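Form deposited in one PDB entry, single chain, as structure tokens, below.
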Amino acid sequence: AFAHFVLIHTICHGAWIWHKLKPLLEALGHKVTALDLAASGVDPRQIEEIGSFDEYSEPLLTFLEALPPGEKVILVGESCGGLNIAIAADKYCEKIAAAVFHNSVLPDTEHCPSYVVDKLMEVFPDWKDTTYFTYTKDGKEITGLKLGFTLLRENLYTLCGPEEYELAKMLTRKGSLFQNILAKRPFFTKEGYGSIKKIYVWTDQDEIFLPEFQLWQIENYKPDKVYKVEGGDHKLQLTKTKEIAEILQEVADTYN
């Protein structure tokens, strides 16, 4: 079967992270959309204009709004993209055939929206050469970050080639987790986000979303299906592109 995949990058990244996966999925016959979220990739906003994870998600919500009735998509979120998935599913659950989490945060419906981010920061507290700043938007103080180049090399892009790491140095931008804003946000709903099919893809060689964290997430909020990719690194869509495409084909054949 063929599907329409919507690929959702993580914070400080953009659609460019999907540059290897998108043509492979198209070569299987699928339709693929790779979005830039707000203030990401070549989106024209700067992060200091964005006040919440919900505002950050606007391009994904606008895309989903534009789907004609009856058209469903499979969302694929890497790393922090799982939060964009949860936000989107609470507005457009009927348009979502399934969500695929790719070394991603897996929010739940029992705890506040910041819960899994808070846990990540306990498991992985040292962000190396990452820098931080603050800005104010809509009366709140937001902590922004710019991912450190050593962190990128060692922890996110561990086994990627030098030309892929170079793209990350060139293209990663300032971003935010909006952690304190998430902590005050209404919970994700059981009727919307809770109702979608959820497929969790990971590798135990991820050097930032460490096995303790990912296995904790799986136990916290049971996925419909789990796929463990052997080897690779946090950027499986670069280091294990073919394996990711094969999994996504199976998802397209299972959920519609």
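Throughout, we count residues from 1 along the sequence that is shown.
The discussion below concerns the form deposited with a small molecule bound, not included here.
Here the chain stands by itself, but in the bound PDB entry one stretch of 162 to 170, 91 to 99, 136 to 144, 78 to 86, 78 to 86, has heavy atoms within 4.5 Å of the small molecule. Only one of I208, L64, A38, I196 lies close to the small molecule in the bound PDB entry, with a heavy atom inside 4.5 Å, and it is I208. Think of it this way: in the bound PDB entry, the small molecule has a heavy atom of just one of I74, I181, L156, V116 within 4.5 Å, and the residue is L156.
Contact check for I11: a heavy atom falls within 4.5 Å of the small molecule in the bound PDB entry.
Residue contact with the small molecule in the bound PDB entry: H234 places a heavy atom within 4.5 Å of it.
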